[PDB]
């Protein structure tokens, strides 16, 4: 848990889980479903996350949807092969600019960041940082809110 410079807790909310590990991804989605999440989507890579966000934001804009964000929250694994969660987040932020919106993106990491990771967390534009156990998931979302 921290900000970056229960069965109805998340009812009404749609979430994307980005995790390159099939087992922890399923653990994350199960936890979210149990907290009442109305829709959980999951993907296994930064490039897939970017695609889902890019397409969702266009689709909502073209439809004039009430909610313009396709996901109310995104739980992004920091370390993944190919496009890691820093780079995916930076690209998401660039895509969001022409919509005037900002998705809450929570960096999910198995260890405290060092200096270089901490810097990348801020520069990519993540909103919070959360341990891989997800035990502080609810406290972090209320901090964001």
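Positions refer to the first chain, counted from 1.
In this entry, 111 to 119 has the higher mean Cα B-factor, the comparison being between 111 to 119 and 40 to 48. Mean CA temperature factor is higher for 24 to 32 when stretches 24 to 32 and 73 to 81 are set side by side in the entry. Sort the modelled residues of the chain by CA B factor and residue 64 lands in the middle third. Annotation for residue 97: C-alpha temperature factor in the highest third relative to the rest of the modelled chain, per the entry. Per-chain ranking of the deposited C-alpha B factor places residue 134 in the highest third.
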